[PDB]
Structures are given as C-alpha cells and as structure tokens.
C-alpha cells in the first residue's frame, strides 16, 4: 500500500552472536573502530570485552563513553573529535538506545556535512554514514535497527529527529549474553517499551501486513517471557525470547511508526527527562482505552496473540480484557501505578498535551484528538 520496509542488511541474534559479528569483521579492511557507549558499559568491562574480540581480529579501537541517557549534540561533537584523532574507519555503538542514536549521528556526520541539525528531517543526507555496527544491551528499544536518530540540542532545548535510511546500522547485534545483567527495573521498563511498540505499531494508521505480523509475534513473546526475565534475569531462554521480541517490535514500529503513548511519553520523559521505558509503560493502558473506541477489534487481536482466552469475546470486551491484562502485567513487574508516582503535575497537562499533539508519533495514532481530549487523557493517567 505504497509503503517502505527499512531494516539493517544483517542482524545477528542469539547467544554468541556478538563474537560471530566481530569475527565477520576479519578481512573486512577495518583497522580503527570507534566504540560509542556510556559510562556504565565501559565501567562494567563490556567495552573491554568488545575491544579484545576486535583486537583478536586485527582491529584496534578508540572509546567514547560520554553518552548520557537521551543523547545530546555535545555528545555527538565529542565523539566526532575522538573519531578524528584516531582516524576511525567505522563505528560500533554499545548499550541501550542512547548510545545508538549518538553513534548514528556520529557516523552520519563523519561522512557527510557539518552539524547535526543539517539532517533534522527525512532522508536529508546525500551520502551513506560511516559503516556502523550496533550492539544492543537492553530488551526493548530496537534503536540498533531503526532508521531513526533523535539528537537533543541543549541550546534551543528541542529534540531533533533524523529519519534517514542512512542511519540504519549496517549490522545489528542482539546477543542475550549482554542482557543477562539487566536489573529487574530496566528489564521491566524496556520490556514494556517493547510491548508498547507492538501495540502502537499494530494500531498505527500506517500498519502493513508485515508490521502486523511482527507486532503480534512480539506481543506474544513478551506476554510469555517478560515476567520470567524480571523474576530471573539469569533465565537465558527468557532473555533470548525478549531479545527476539524487542527486535520484532522494532521491525514493526520502525516501519508503521507509533502513536499517542509515545507522543505523550516523549513529553514527560522529554521536558522532565524521565526514563523513556517507564513513561510508556504507565501511559499504555490509558491510551489503549482511548484508542479502543476506534480499534477495539485490533486490540483484541493483540490480546489473543498474548495468549489471552478471549477469542470468543466481542471486540469491545476483548479489547477491555486485553487492556486489563496489560495492567496486570505491568503491576506484576513493578511498573508505577500512574503519572502521579512519576512526579508529574496535573497543572502541566495543558503544556504536555499541546506538545504531545505536535510530536511526529501523534500522526499515526488511530484516534485523532484535540487539545481538550489529550489533556483529559493525561489527567486520567494520574
């Protein structure tokens, strides 16, 4: 239906895929890698691990661990500098979403024009970014496989969006071994983010038969494995399932886009720098009820995929039960009860709702609302 499916040419997954991925670099002609990650990744030795595997392949590396949650333009320039001083010939992002976005920005500018803003928009760059490999460590973002790059400009205090086929990593890596170390909180929040991606992509007005297939399979796997990974981060089968699941969710949202959960969430965790993952998790149930008036039938499909015994229910009751199941799941893994517990203030709703309707994710939401409707939706999230 006049659509486009974006995704990396190569996506390595499963236990041991990291070594496989690095091993595949031998003979590639790369000599100097730029490892873009965060403080924690470098501290716990994950960076070292990569650097050594790389050395065993005759490839040296330089490290930039100055990435903070919700990347910034200063982080990028910071990486470009380190990149230049080491004359890096390729980039490797390591960690959760933040490192990938920063890395995508580094690699794009590395081979293209100047500042980041010059690429704020859709397919702005004319040249492919420097080869980029993204190694994911959380089970919920999928930023390692998206063509999205959101860099925050602390000047104008506005977050720029770079939707470009050129920021799609050349190779994505989802090795569950690097995920076993996720504490319960990050596991629950990123997993609920993955679930949100499935729900919003499946509900999107830009949905295709492909995104639908991936979205439902993702919700199914998350429904059968998120609780386990939260109650036992060492359960390798559950970790591998979530890695696959979060990728499937990405296959879906990277191409069908999202909705009001994210449009609204980006405002709480944007102006109030809250952890992306949880904001979506708490908002999800409430947005589903709102959208249920238009896509009750499809919310039921998701509930059915989730293993719920509702196939015989009408779409209305099926959607409610699915909405209830999401609430029960969130509660079972420690997700906050409402925005009140997130530190949000009801007096900020009018501002949040206005900026929410402005978010690019709001465009594909199945139900379109006005200022009043988004404000009341917010207030109900408290």
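Numbering follows the first chain given and starts at 1.
In this entry, 266-274 has the higher mean Cα B-factor, the comparison being between 248-256 and 266-274. Annotation for 200-208 versus 216-224: the higher mean temperature factor (C-alpha) is found in 216-224. When the C-alpha B factors of 100, 126, 239, 300 are read from the deposited coordinates, the top value falls at 126.
In this structure the maximum Cα B-factor among 84, 184, 286, 165 is found at 84. For residue 12, the recorded CA B-factor ranks within the lowest third of the chain. Only modelled residues enter the ranking. Sorting the modelled residues of the chain by their CA temperature factor places residue 138 in the middle third. When the CA B factors of the chain's modelled residues are split into thirds, the value for residue 291 lands in the lowest one. Compared with the other modelled residues of the chain, the Cα B-factor recorded for residue 71 ranks in the highest third. The PDB entry assigns residue 77 a C-alpha temperature factor belonging to the highest third of its chain's modelled residues.
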